[PDB]
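Coordinate analysis (summary)
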Amino acid sequence: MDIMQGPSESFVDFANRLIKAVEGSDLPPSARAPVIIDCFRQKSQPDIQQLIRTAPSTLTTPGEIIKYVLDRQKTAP
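As recorded in the PDB header, solution NMR is the method behind this entry.

**Considering the side chain of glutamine 5**
Mapping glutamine 5 onto the fold places it in the segment before α1 (11-23). Engagement of the side chain of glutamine 5 in a polar contact is seen with the backbone nitrogen of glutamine 45, the distance being 2.7 Å. Apart from the residues lying within four places of it in its own chain, the contact partners of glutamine 5 are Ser10, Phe11, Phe14, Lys43, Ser44, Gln45 and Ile48.

**Digging into the pattern of salt bridges**
Across all of its chains, the model carries 1 salt bridge by this definition. Across the pair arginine 17 and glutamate 9 runs a salt bridge, and its minimum N-O distance is 4.0 Å. For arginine 17, a relative accessible area of 56% puts it in the exposed group.

**Looking at unusual backbone geometry**
Despite not being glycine, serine 57 has its phi angle at roughly 60 degrees, a positive value. Its relative accessible area of 64% is what places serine 57 among the exposed residues.

**Some words on the packing of α1 against helix α2 (residues 29-43)**
Remark: α1 packs on α2, axes separated minimally by 10 Å, with the N-to-C direction vectors making an angle of 135 degrees. Between α1 and α2, the angle falls in the class oblique. Our pair here, α1 against α2, has a crossing hand that is right-handed. The residues of α2 that touch α1, namely those facing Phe11, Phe14, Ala15, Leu18, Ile19, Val22 and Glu23, are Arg32, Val35, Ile36, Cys39, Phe40 and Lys43. Taken together, the residues of the contact of α1 with α2 break down into 10 nonpolar, no polar and 3 charged.

**Description of α1**
In this model α1 runs 18 Å from its N-terminal to its C-terminal C-alpha over 13 residues, within 8% of the 18 Å that 1.5 Å per residue would give. Looking at α1, one finds that the buried residues are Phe11, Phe14, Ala15, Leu18 and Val22. End-on view of α1: buried residues confined to an arc of 95 degrees, all on one side of the axis. More than 90 degrees from the buried face of α1, the exposed residues found are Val12, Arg17 and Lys20. Those residues of α1 that are buried lie in contact with α2, α3 (46-54) and α4 (62-72). Measuring from the backbone nitrogen of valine 12 back to the side-chain oxygen at the start of α1 gives 3.3 Å, which picks out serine 10 as the cap.

**Section: the nonpolar core**
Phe11, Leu18, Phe40 and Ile65 are the most contacted members of the largest nonpolar core, which totals 17 residues. Looking at this core, the elements that each hand over two or more residues are α1, α2, α3 and α4. Per-element accounting of this core gives the leading share, 5 residues, to α1. For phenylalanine 40, the contacting residues outside a window of four places in its chain are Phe11, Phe14, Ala15, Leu18, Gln49, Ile52 and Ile65.

Cut-offs used in this document
Per chain, the count goes from 1 following the written sequence and can depart from the entry's numbering; residues without coordinates do not appear at all. Calculation of side-chain values draws on the structure's entire complement of heavy atoms; hydrogens and water are dropped beforehand. Think of it this way: any DSSP run of H or I at least four residues long counts as a helix, any run of E at least two long counts as a strand, and we number them from the N terminus. Polar contact criterion, stated in full: a pair of N or O atoms within 3.5 Å, where within protein one must be able to donate a hydrogen and the other to accept it, and residues adjacent in sequence count only if both atoms are side-chain atoms. The contact definition used throughout considers only heavy atoms, calling two residues in contact when any of these lie within 4.5 Å. Just to be clear on terms, a salt bridge is a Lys or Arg side-chain nitrogen sitting within 4 Å of an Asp or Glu carboxyl oxygen. Each residue's exposure class comes from its accessible area (1.4 Å probe, protein chains only) as a fraction of the maximum for that residue type: buried when under 20%, exposed when over 50%, partly exposed otherwise. Angular values range over 0 to 180 degrees, each being the angle between N-to-C directions of two axes fitted as lines to C-alpha atoms, with helices fitted over their stretch in contact. Relative orientations are named as follows: roughly parallel for angles under 35 degrees, roughly antiparallel for angles over 145 degrees, roughly perpendicular for angles from 65 to 115 degrees, and oblique for any other angle. Note: crossing handedness is left-handed where the near helix turns anticlockwise from the far helix by less than a right angle, and right-handed where it turns clockwise. Only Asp, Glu, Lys and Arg are considered charged in this grouping, and only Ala, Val, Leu, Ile, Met, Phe, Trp, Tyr, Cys and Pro are considered nonpolar; every other residue, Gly among them, is considered polar. Helix span, expected: 1.5 Å multiplied by one less than the number of residues in the helix. Arc, as used here, means the arc of the directions from the helix axis to the C-beta atoms. As used in this record, nonpolar core signifies buried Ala, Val, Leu, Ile, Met, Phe, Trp, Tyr and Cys residues forming a set joined through side-chain atoms within 4.5 Å.

Here you go:
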């Protein structure tokens, strides 16, 4: 309900509220991921949601999104 990413909130910040929020629910293990998956695309900021929204590759899991988030956040010069 009140799970919304902040203006300048880090990724690990939101996902913790999400994951913890999801774990706290009656959602099954196999369905926990799919929940966070859609949750991001609808609760994440425009900066992240935009990437996930039209992001290629089979991004159907958390293990891929975070990898994808950091993979895109690879601002290492």
